[PDB]
Amino acid sequence: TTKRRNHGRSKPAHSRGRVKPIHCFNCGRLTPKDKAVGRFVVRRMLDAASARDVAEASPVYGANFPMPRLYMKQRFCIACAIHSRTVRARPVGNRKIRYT
Amino acid sequence: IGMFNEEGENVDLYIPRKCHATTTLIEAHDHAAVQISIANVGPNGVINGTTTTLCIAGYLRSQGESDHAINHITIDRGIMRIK
Amino acid sequence: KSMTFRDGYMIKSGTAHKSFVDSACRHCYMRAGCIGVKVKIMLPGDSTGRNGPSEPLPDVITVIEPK
Amino acid sequence: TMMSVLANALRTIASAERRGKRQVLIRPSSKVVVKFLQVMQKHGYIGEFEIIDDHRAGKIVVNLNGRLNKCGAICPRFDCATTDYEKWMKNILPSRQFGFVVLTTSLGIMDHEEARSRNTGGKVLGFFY
Amino acid sequence: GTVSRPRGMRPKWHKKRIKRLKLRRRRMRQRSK
Amino acid sequence: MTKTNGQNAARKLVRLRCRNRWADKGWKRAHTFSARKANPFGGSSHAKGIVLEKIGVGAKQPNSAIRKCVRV
Amino acid sequence: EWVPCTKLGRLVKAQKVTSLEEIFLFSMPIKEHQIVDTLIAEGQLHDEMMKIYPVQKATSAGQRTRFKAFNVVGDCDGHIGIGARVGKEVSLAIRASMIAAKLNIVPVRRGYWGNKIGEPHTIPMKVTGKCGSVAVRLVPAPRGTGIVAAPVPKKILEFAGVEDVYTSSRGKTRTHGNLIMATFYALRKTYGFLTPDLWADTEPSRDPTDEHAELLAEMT
Amino acid sequence: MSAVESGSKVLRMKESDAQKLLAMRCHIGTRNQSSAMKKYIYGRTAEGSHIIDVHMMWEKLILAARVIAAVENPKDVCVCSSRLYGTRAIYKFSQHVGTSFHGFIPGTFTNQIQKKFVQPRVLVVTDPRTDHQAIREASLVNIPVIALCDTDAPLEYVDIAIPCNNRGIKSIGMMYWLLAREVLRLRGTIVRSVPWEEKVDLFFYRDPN
Amino acid sequence: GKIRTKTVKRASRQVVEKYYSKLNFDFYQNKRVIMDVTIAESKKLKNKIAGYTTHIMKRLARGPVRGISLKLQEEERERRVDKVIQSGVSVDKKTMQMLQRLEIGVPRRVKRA
RNA sequence: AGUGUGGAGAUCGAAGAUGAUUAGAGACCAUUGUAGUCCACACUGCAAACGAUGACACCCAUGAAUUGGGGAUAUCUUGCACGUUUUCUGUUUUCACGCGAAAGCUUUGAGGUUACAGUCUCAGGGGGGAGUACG
Ligand SMILES: [Mg+2]
Ligand SMILES: [Mg+2]
Ligand SMILES: [Mg+2]
Ligand SMILES: [Zn+2]
């Protein structure tokens, strides 16, 4: 029984032969780049409470100069994406909903 | 019209209706088929006793093309003006 | 095996069911053994209280129409 | 590539009739296709049609009247003697009261009833009903 | 999780068993000849 | 899109049927000789023999019995 | 007694509609089973039971059993109907299938093989009906042939009024639920095939509900 | 519609009828365009909206009134509207012509033993999308449908469509005025020369609060 | 002191329909009225009904309540083009190019906007 | 992946070694480590080598999107990009008619087939024994 039309990846029939694999962020499993789950993350360096204490002690970081952030692109294998709550299983009728 | 025995009488009961647009028989189980009567109007603008009747098969309505079919039927019948 | 046939209303639970239901049972002697038969009947109400109870059902409310 | 012009045209007409269309364009055309259409016209299964010249194999526009149920070609074109008409009638026709099998004979292209009357055989081209 | 019921034992390992058997038979025939 | 159709294509159709008839288990058995050699009867309906001894054969599960037989 | 609910049922009670052909003419649904037995004499509508079997549903600590019944009705003169229903006991299922069969009555067209002498005796053209994997094909036959079919399709064709026919079944005919419906669908298709005898146009008619609309308002 | 068996000009759009249409902007639609209503579009105005050809809109309307006429017992026509902007525009329409109205419960046209079981002869709706249940039910019981449709209306099980804007409060009540007036003129209660006495403010809807 | 059962809620609605003019926002007077106009066995049920009836009366003072239909005050509240002719239609250019294509030409009192 | 002959040898790492888990643990985990992994030349010819869907040709409903070229007539930098509408080729997404046992397919077919014929070609005929034995 075919479960998904796209077979869980982004490679239609007459498009491509092979896609280079990448390592999963957590476990390191090799998986094709078009099949891995990908996110872009922009997280604050410090929590809200600790940022205030550092900003108070800093001649540089006040109210007209924000602190730097971290920018990372994350790709996970299927198993690591599910366990880490990034992606969860959906009912048969709801598997088609795609966000951006 | 219908089947004759060659004895002189009709052996075919219930000669069915034919769709105006496509000239196809309308079966007894076609519950989407409809019949519409359009009033005739006298010269003064008041309706007349006579009416114009047409039938549409169910397949056309389900496809969503009955509106287009009705327009061409009335243009040919001269019920409404093309321009 | 056991078989049941029913029709209409039938109240269970609570205490009022002993007043509104009439029940009986018997044993019948076939050639193979004993057979049980039970019958329960939901009595309609009555103003006298002979062919039924006098009080209404415990959870039925009726609003008398104004003059 | 395209191997049979007649088979291509008859398939196009049958589909348009099934979809309830009023006109159908046929391309390319040939002498055999025109003769087949005239047999259909004589028996009242299609309306008028127009042949357009383009200095190549031309095109045909046919008017449909809703009376056609199915038309098709027979490939390969098997030989049919005068004693084989009954066999072909029982195999590809809905009944013995209507429908025609079209043949090509030494006397020209005609339906099976006309061919039998003139006592001639030939090769089967197609059918319609 | 991705496959129906095989019967016997993982087919790839069954094939590996047959491969080793054929090698042993080849060696025995070679010794005799 | 499963078979050839040409008017002068009889040779291909004849060869195709000849090779595919061998896949029929019943057809192959009647046209080869291995079964006849295997059959203790030489293709006959009956045969005669000498009894060697009497044996009992256990019935296959889920039945349970001792079926009486002889070896000939 | 019978108190009609639909407008069609009230009309047949008032005898404004007398023939089943008028209802077939306007392709209207029959929702009360007393309509068809009013317009057909009680001495000519024959019914019969075809198959009853149990179906089951798994349940925690046990399983649940019901019964399904198939019924066929007809007058052996060009009318046929089939119905099927499911009940908790065989008695209840049998009764409900009789009602459903009456509500599914369709007309059957009949014709001649070759020469046209006497009453029509066979179907006018080849037809096939399909349900599930089962397909039944009917072919016109000469006068002395009789019904050439399996025992289940043969019974249905007798109730419809066909004397001579050739049949052919295609796949998994032991599924009698699908086999019964496939035979019914093939017969129903006989009145939808346009033939040269039905080419000319006819004058339009008026709906029974339009003719007696004033009386229909009065009854309610 | 406008064409008559006897050569006449009575059932033709005059200047006064057209004037009202531009007054309430009934000729404008939305930005999206259904493929089934391409025949009623004229062009794209500013901001991306579509213009409806008033000539064909008039022909559809007068055809609709001619169908509504010659039906005895006006109660055989039910007028439904799931939109809230036509909740009273349907009542004032029915209060003048005598048709049935309602403004849905699945099974109304199909459940015979239901208490509210009615089988009208002709159905009139306000928006095919928002009245999908109504028109879908009508398809099992041979009931024709007449609908007020926009540029993006699915024309399934819809036989007569009047291309007009059924989104604004003004436009919805504006359209029922023509339909009510035309049938009365065809019936003969009023005369064409005199102006229609009824005014659109009763048809116009207002906030219930 | 919890959710009200549907037998209580249906009874309270029936009381308000037929006896609206006899009730007010007081539980103790409302209870006296209900003990006269309803026949029931349970005293406890009559207390719950008198409680929810008082709740409905308070909501009805603010505004309408779904599921009531007093049908005596709703009717009173229900009974309680020349403006744009003077202003001018002022249709856009795309419409203007279509108005004159008709058999009546450009209608009177129009602009370009 | 493997084999031969010359190079290379950072990383990772079949075989093997040493710690831990465990009743046992030869495994999963940790630290390592040989062949390999990389290059040149010469072999091998197997993959869930998959769209599990052979090649060529015709008809076919609607709206999007997108890659390359061409035709016609608003924005921005100073020839380019962009806007609107057509067009040829490619490449995809929203239960079209219809088909199918269903899951599903649908201008891109698994449609146009008991109303069974456009052309060529490969393979199958209950489950095993068996892709084994012999040549
Ligand atoms: Mg690959
Ligand atoms: Mg471990
Ligand atoms: Mg290492
Ligand atoms: Zn992972």
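Top to bottom, those sequences are chains Sb, SY, SC, SJ, n, SP, SF, SB and SV. Note that PDB author numbering gives residue 52 to position 51 of the first sequence, counting from 1, and the numbers run on in steps of one. Note that PDB author numbering gives residue 28 to position 25 of the second sequence, counting from 1, and the numbers run on in steps of one. Note that PDB author numbering gives residue 189 to position 43 of the third sequence, counting from 1, and the numbers run on in steps of one. Note that PDB author numbering gives residue 52 to position 51 of the fourth sequence, counting from 1, and the numbers run on in steps of one. Note that PDB author numbering gives residue 18 to position 17 of the fifth sequence, counting from 1, and the numbers run on in steps of one. Note that PDB author numbering gives residue 23 to position 23 of the sixth sequence, counting from 1, and the numbers run on in steps of one. Note that PDB author numbering gives residue 82 to position 39 of the seventh sequence, counting from 1, and the numbers run on in steps of one. Residues 1 to 103, 106 to 211, numbered by PDB author numbering, are exactly what the eighth sequence covers, in order. Residues 2 to 81, 91 to 123, numbered by PDB author numbering, are exactly what the ninth sequence covers, in order. We treat Cβ as the ideally placed atom computed from N, Cα and C, and that holds for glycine.
Between residue i and chain SB, is there a C-beta pair that is closer than 8 Å?
{"i": "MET108 (chain SV)", "result": "yes"}
{"i": "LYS74 (chain SF)", "result": "yes"}
{"i": "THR61 (chain SF)", "result": "no"}
{"i": "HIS34 (chain SY)", "result": "yes"}
Compute every distance between the C-beta of residue i and the non-hydrogen atoms of ligand 1, then say whether any falls below 7 Å.
{"i": "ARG31 (chain SB)", "result": "no"}
{"i": "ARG19 (chain Sb)", "result": "yes"}
Where do the ends of the beta strand (DSSP E) carrying residue i lie?
{"i": "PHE113 (chain SF)", "result": "105–117"}
{"i": "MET10 (chain n)", "result": "Careful: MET10 (chain n) lies outside any beta strand (DSSP E) and carries neither H nor E."}
{"i": "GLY126 (chain SF)", "result": "122–130"}
{"i": "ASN20 (chain SP)", "result": "Run containing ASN20 (chain SP): none in the beta strand (DSSP E); it sits in the alpha helix (DSSP H), 10–20."}
{"i": "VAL167 (chain SC)", "result": "167–175"}
{"i": "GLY127 (chain SJ)", "result": "123–129"}
{"i": "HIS50 (chain SB)", "result": "50–52"}
{"i": "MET73 (chain Sb)", "result": "70–77"}
{"i": "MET111 (chain SJ)", "result": "109–112"}
{"i": "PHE50 (chain SJ)", "result": "50–53"}
Residue i touches chain SB at which residues, Cβ-Cβ below 8 Å?
{"i": "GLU257 (chain SF)", "result": "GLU72, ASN73"}
{"i": "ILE114 (chain SV)", "result": "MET13, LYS14, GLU15, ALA18"}
{"i": "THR77 (chain SY)", "result": "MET1, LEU63"}
Below 7 Å, is the gap between the Cβ of residue i and the nearest heavy atom of ligand 4?
{"i": "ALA80 (chain Sb)", "result": "yes"}
{"i": "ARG180 (chain SF)", "result": "no"}
{"i": "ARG86 (chain Sb)", "result": "no"}
{"i": "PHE77 (chain Sb)", "result": "yes"}
{"i": "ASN7 (chain Sb)", "result": "no"}
{"i": "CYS25 (chain Sb)", "result": "yes"}
{"i": "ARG89 (chain Sb)", "result": "no"}
{"i": "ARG30 (chain n)", "result": "no"}
{"i": "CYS166 (chain SB)", "result": "no"}
{"i": "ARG40 (chain Sb)", "result": "no"}
List, in order along the chain, the chain SY residues whose C-beta lies closer than 9 Å to that of residue i?
{"i": "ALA243 (chain SF)", "result": "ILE4"}
Would you list the residues sitting across from residue i in a DSSP beta bridge?
{"i": "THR102 (chain SF)", "result": "SF:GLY105"}
{"i": "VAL147 (chain SB)", "result": "SB:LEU125"}
{"i": "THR32 (chain Sb)", "result": "Sb:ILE23"}
{"i": "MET188 (chain SC)", "result": "SC:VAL167"}
{"i": "residue 148 (chain SY)", "result": "The requested residue 148 (chain SY) does not occur in the structure, where chain SY is confined to residues 4 to 86."}
{"i": "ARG169 (chain SB)", "result": "According to DSSP, which records beta bridges pairwise, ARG169 (chain SB) is partnered with nothing at all."}
{"i": "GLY56 (chain SP)", "result": "SP:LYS68"}
From which residue to which residue does the alpha helix (DSSP H) around residue i run?
{"i": "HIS24 (chain Sb)", "result": "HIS24 (chain Sb) -> not in any alpha helix (DSSP H); beta strand (DSSP E) instead, spanning 22–24."}
{"i": "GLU254 (chain SF)", "result": "251–254"}
Under 9 Å between beta-carbons, which chain SP residues line up against residue i? List them in chain order, please.
{"i": "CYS76 (chain SJ)", "result": "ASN5, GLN7"}
Can you list the residues of chain SJ that residue i reaches, using a CB-CB cut of under 9 Å?
{"i": "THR56 (chain SY)", "result": "Residues of chain SJ passing the Cβ test: none, with the nearest at roughly 20 Å."}
Counting contacts by CB-CB distance shorter than 8 Å, is residue i in contact with chain SF?
{"i": "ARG97 (chain SJ)", "result": "yes"}
{"i": "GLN38 (chain SY)", "result": "yes"}
{"i": "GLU9 (chain SY)", "result": "yes"}
Could you confirm whether any beta carbon from chain SV is found closer than 8 Å to the beta carbon of residue i?
{"i": "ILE157 (chain SC)", "result": "no"}
{"i": "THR194 (chain SC)", "result": "no"}
{"i": "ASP205 (chain SC)", "result": "yes"}
What does residue i reach in chain SV if we use C-beta pairs closer than 9 Å?
{"i": "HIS27 (chain SB)", "result": "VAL101, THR105, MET108"}
Quick one: which chain SF residues come within Cβ less than 8 Å of residue i?
{"i": "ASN70 (chain SJ)", "result": "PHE236, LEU237"}
Could you name the residues of chain SC that residue i contacts, counting a contact when the two beta carbons are closer than 7 Å?
{"i": "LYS19 (chain SV)", "result": "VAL209, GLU211, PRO212"}
Of all the CB atoms in chain SC, is at least one closer than 8 Å to the CB of residue i?
{"i": "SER43 (chain SV)", "result": "yes"}
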